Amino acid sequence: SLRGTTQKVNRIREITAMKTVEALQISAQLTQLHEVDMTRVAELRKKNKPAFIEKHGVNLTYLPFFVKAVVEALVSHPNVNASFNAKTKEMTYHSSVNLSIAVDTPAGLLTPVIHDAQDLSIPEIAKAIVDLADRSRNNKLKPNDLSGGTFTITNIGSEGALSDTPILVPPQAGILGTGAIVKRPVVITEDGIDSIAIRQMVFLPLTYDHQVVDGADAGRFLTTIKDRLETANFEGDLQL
């Protein structure tokens, strides 16, 4: 029991405390928020969940769709998949997308990495997330699993949040949160008629480092992700 005691924090939480305090002091963080209509992805996921778990052995969640769209956008917007050397004033644009994934564990938050995520299909991403989350929760990560990330995705919606202002950790330039996907009434406009529909909506807060990305660059990057998700042409990508 913790109430009424003073205790040394565990090793995961000691590193998190030092890294997050320092990260804010050596970058210029801000969080831009876009809304995305996830209805088509939600319909595709519900329809294909049984066939996906039968063929690939893991449950199909929303996270592999967010990962696929974000990784494609990091290839299309290489200025976001980049790091700034504040001493030399040089930007390095990475040729791999090594995608960090935040994992909640009882001992603390861990952020393992999917290396070369740009080469992965949706089934490969789904399996990799399940593997890294299981190894994070059971003390089986190696140093290469926790280093080399070029961008991070954090599932803030897992515990119900609509949004957050996640802390990025240099040398990364961005961290995207996937808010809780919620049914909401929204306006549709088609043929000059405005009307109210029920759609599965999500907020995507992107914390970006203003040293690397300006606000309009963040918006163009998030627009690429939004359009990919809203069109939801992922049937082929599921390999079912």
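So that there is no doubt, residue numbering starts at 1 and follows the sequence shown.
Q. So 125-133 or 147-155, which one's hotter by mean CA B-factor in the entry?
A. Per the PDB record, 125-133.
Q: Mind pulling up the entry and telling me whether 162-170 or 112-120 has the higher mean Cα temperature factor?
A: Higher mean C-alpha B-factor in the PDB entry: 112-120.
Q) Looking at 34, 45, 210, 184, which has the highest CA B-factor as recorded? A) Result of the comparison over 34, 45, 210, 184: 45.
Q: Kindly indicate the residue among 91, 71, 141, 102 with the greatest C-alpha B-factor in the PDB record.
A: If I rank 91, 71, 141, 102 by C-alpha B-factor, first place goes to 141.
**Q.** Chain thirds of CA B-factor: placement of residue 199
**A.** It falls in the bottom third of the chain.
(Q) Ranking every modelled residue in this chain by its Cα temperature factor as given in the entry, which third contains residue 218? (A) Within its chain, residue 218 is a lowest-third residue by C-alpha B-factor, going by the deposited values.
Q.
Test of reading the entry: by CA B factor among the chain's modelled residues, which third contains residue 229?
A. Bottom third by C-alpha B-factor.
Q. By its CA B factor, does residue 58 count among the lowest, middle or highest third of the modelled residues in the chain?
A. Highest third.
Q) Of the three thirds of its chain by CA temperature factor, lowest, middle or highest, which one includes residue 41? A) As the PDB entry reports it, the C-alpha B-factor of residue 41 lands in the middle third of its chain.
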